[PDB]
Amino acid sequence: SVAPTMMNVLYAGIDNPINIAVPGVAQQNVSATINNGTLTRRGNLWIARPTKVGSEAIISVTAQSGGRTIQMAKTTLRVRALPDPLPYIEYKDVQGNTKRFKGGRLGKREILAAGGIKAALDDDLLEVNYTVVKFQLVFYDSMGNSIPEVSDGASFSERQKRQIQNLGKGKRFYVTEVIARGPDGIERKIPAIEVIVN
């Protein structure tokens, strides 16, 4: 068994696949339970879905050997909040392909067609969807004054749309004060992105 030591972590509100193994014991002979949320067998793995952030989850394991159930040592794991996501603008290119804008230049038509802001981890793992609760767009007038405009949930408000519509090529605005929520039930403030109108 070759196991990285810092691995007793589960994320709340998502499926956590766990490899539970007993040396020399076939998968079907291994049975496992959890004291926090659910632990479901799926193929050669056990899927943990814990519920409260900052709590501990104890996994109890039994192995069948002939006509006897052997109790294994219990394992304690830390239930953590999910990592915080990053904002992006989901748009469709001229070929109709879905793309994620993560900073730099973007056309006015693409911004408006997106209709709002999204938030996700910038990584293949985990299998997680986050929601944008609210955000602000900060625009700059000819006098160099900042004009913060409040959203309509994850969607652009009518005031935001009008401000975007009157922006010329090379003009910039900022996606700020982005509040995101995850399936762990946690609300987080995430960083800004600059949008340069192309």
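Numbers follow the displayed sequence, beginning with 1.
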> Hey, which bit's got the bigger mean C-alpha B factor in the entry, 48-56 or 141-149?
Replying inline: 141-149
> Quick one: higher average CA temperature factor, 101-109 or 119-127?
Replying inline: 119-127
>> Comparing recorded Cα B-factors across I89, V79, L82, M72, which one is largest?
In response: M72
>> Split into thirds by Cα B-factor across the chain's modelled residues, where does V61 land: lowest, middle or highest?
In response: middle
> Considering only modelled residues of the same chain, in which third does the CA B-factor of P17 rank: lowest, middle or highest?
Replying inline: lowest
> Compared with the other modelled residues in the chain, in which third is the CA B-factor of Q165?
Replying inline: highest
> Looking at the C-alpha B-factor of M7, is it in the lowest, middle or highest third of its chain?
Replying inline: highest
>> Where does the C-alpha B-factor of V195 rank in its chain, lowest, middle or highest third?
In response: middle
